[PDB]
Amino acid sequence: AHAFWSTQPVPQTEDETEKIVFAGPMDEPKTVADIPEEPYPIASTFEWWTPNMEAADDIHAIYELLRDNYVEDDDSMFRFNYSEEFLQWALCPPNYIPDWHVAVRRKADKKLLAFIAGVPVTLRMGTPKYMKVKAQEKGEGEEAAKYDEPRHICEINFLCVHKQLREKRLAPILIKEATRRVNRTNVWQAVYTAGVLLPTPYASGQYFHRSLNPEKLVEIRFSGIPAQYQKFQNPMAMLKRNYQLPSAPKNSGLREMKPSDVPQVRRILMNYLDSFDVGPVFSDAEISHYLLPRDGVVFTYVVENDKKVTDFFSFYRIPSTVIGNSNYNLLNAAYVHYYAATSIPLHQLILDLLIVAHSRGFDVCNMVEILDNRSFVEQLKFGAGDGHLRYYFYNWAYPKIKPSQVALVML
């Protein structure tokens, strides 16, 4: 059934994942010395390429590959169109490893044919709370706590093979070469998400959306007027009214984050994330990188009253190409990123996120039911989508957990 994933150090079945009690590695300990120094073999017509992410032109080539060949919805109505500014942000965080960005080009014309990216992350990935309890009950605490320390691992994203090169087993070769490059830096685990079901997720959550521009969403068939709107004389008018938001934020004290906020944001975020079983640990430089506002990419607001930052939220933009329609050629989506509330209810904080996103011309707000995202779904009129995001580790045995115990946002 899985000619590639059966050869890899991942859980092979759902059962296996449901049996796992303690976090830890799957494969045998290896050193950097054990790992081949030479790139994985590839067909003579292709070549490995390491793009320079601080080269506008290299970013551009990656951008076009993804624009034309990255994830679509199941109806081929929308294809993500991550911007070049977004890709530089995502691909080049503090202390990134240039060699973890792996491309394949056709040797002749040097056409970019495939890509995968890895970036560093520091992740808490030790045994979940409810397994450390079963463990104490069992007299098995030391084993349960062995890998409690945050680990410096790899987060994989943006795997993409050109449409003309599909179903030729190129994706496995990319994954093998990325693994080699990561392993050669003495990193042995990776975390990745996908919409598809592979062997084998440790958590899975539904997608949710909140309409901001229902008129447009209906036009492009992102949305359809649901059946109960038919018993109305003007269904569209009732839909627009349903999703209407204030023109201006409601929280006094709300403003954009600035560099001086970085310590307080790091502290309140770390306190909040601490509480989930799987979650990132950020340095000040990483808080700066992932949360300070960047035009068209990431938008972050703090609640400061009394010279004190008590709350914040962030969202990032990913537009999609609208493949079919031609009144509109882009869907402009805002995604809930990190947040922390200490002074106001989370629904009141995130309402301001929707107000701001709508004000700035976003069409829809998306999120997965990670973090405490479920706590504001109904009041803020989110609906579940058809999709799920599945979370996976490479080379890491981990108990199945609920998505509300996951605190890692993946771009």
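For clarity, a rigid core is taken as the largest C-alpha set superposing within 1.5 Å between two forms. One rule holds for the numbers: they count along the sequence shown, beginning at 1.
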What stretch shows more C-alpha movement in 9 other deposited structures of this protein relative to this form, 221-229 or 103-111, after the core is superposed?
221-229
With the rigid core as the fit anchor, does 68-76 or 168-176 show bigger C-alpha shifts in 9 other deposited structures of this protein?
68-76
Tell me which stretch, 54-62 or 344-352, has the higher mean Cα B-factor listed in the entry.
54-62
Read off the CA B-factors in the entry, average them over 74-82 and over 133-141, and name the higher stretch.
133-141
Of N332, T200, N325, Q88, which one's C-alpha B factor is largest in the deposited record?
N325
Member of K308, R317, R180, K163 with the greatest C-alpha B factor (per the PDB record)
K308
Lowest, middle or highest third - CA B-factor, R266:
middle
Test of reading the entry: by CA B factor among the chain's modelled residues, which third contains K216?
highest
C-alpha B factor of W49, ranked within the chain: lowest, middle or highest third?
highest
By its CA B factor, does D274 count among the lowest, middle or highest third of the modelled residues in the chain?
highest
Using the B-factors in the PDB entry, rank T31's C-alpha atom against the chain and give the third, lowest, middle or highest.
highest
